[PDB]
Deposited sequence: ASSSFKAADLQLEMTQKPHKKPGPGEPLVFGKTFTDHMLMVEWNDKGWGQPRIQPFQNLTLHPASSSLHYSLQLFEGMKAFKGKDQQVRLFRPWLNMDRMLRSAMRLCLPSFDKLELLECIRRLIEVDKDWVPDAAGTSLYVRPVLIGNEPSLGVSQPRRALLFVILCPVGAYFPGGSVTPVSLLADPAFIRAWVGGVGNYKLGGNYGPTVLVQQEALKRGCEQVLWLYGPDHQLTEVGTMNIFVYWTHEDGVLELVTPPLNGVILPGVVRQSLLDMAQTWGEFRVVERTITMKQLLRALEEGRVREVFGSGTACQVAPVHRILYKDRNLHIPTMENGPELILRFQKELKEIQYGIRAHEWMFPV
């Protein structure tokens, strides 16, 4: 069933025609430019096949592939950074490997050895090393994907699967406005919003378009009768404020089933707790608490965290037909800038850290 593929059995097929690299100064739009190679591993009832780094090419899928009919698909997202010394380093990839496996088990997709996938990805990034940019605010986005590939129309356990990894060079704090409407629910307790599955994203496109029509940039996902702040778009939410007791704290919603356990989220919690300058807690945040904190002048900063945008400040929330100004930007944004500075130092290798995996 699952004996896993090995990096030692990795086959390499180099490209005959290397693609046109963007070049210095050229704008790198998110997920539009792809590298020369990709990783590919196939699975069936007998087990996993040999992993291979092959040229970037199209996938050949049967029209009845369960990935297209029943969303037997999941993905991951992590970044690789290149420092001044030309050394490429991956940001906490072990955590993405842990999350990917959990997503695989939830969709009855094959298990794999996390360290073997990590080594195969390390080798893929090494082959396409020249594609990783070295300018400030730039990186390489790594996109691992595991899909069901059963050539049948029954809603069941796939007897075939495909694991592939693609790479994208991405370029270079901008404040965002949010729509907070209780009618749109992203995830439910006992659901699958805590897993990075394709199914959680497609239905959010219309909600984002609805945010744009009301003058907002992103969506503030509310949950329950008390209107709990859960996520901001595809990012985890943090609030830096003076709490009701009078203590300065950094709060983010707890992992109770409706929150995707973000790697950047975990990193910000680790970093803030190591400093020991304020209280760091995982607690439910309601719109009433936020509103009362805003009118009492207790809110300092509100922001989103995730791989793509890193740390994204919030300046406005549209809730119950009222525009609420969030004092982020006016408060520095001190905490955001400190988090960004320390993350940039770790990521680009200015400061050595166990969080970075060298390629």
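If you line the structure up with the deposited chain, just one stretch is without a C-alpha atom: 173-178.
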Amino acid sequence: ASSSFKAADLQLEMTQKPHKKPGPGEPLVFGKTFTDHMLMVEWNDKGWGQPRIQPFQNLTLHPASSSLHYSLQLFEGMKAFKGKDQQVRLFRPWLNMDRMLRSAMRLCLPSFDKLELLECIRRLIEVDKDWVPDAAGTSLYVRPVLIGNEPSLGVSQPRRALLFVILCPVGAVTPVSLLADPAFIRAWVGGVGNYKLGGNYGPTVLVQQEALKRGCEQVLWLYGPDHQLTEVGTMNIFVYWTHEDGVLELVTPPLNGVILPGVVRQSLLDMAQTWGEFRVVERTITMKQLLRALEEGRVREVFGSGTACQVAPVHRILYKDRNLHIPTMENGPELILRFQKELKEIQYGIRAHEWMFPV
From here on, numbers count along this sequence of modelled residues.
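Checked against the record, the higher mean CA B factor of 2-10 and 349-357 lies with 2-10.
188-196 and 240-248 differ in mean CA B-factor, and the higher of the two is recorded for 240-248. Among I121, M78, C216, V145, the highest C-alpha B-factor in the deposited entry belongs to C216.
Between the residues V205, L163, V173, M100, it is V173 that shows the highest Cα B-factor in the PDB record. Among the modelled residues of its chain, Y319 has a C-alpha B-factor that falls in the middle third, as given in the PDB entry.
In the PDB entry, a CA B factor belonging to the lowest third of its chain's modelled residues is recorded for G262. Split the chain's modelled residues into thirds by C-alpha temperature factor. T60 is in the middle one. Ranked against the other modelled residues of its chain, the C-alpha B-factor of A183 as given in the entry falls in the highest third. Among the modelled residues of its chain, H69 has a C-alpha B-factor that falls in the lowest third, as given in the PDB entry.
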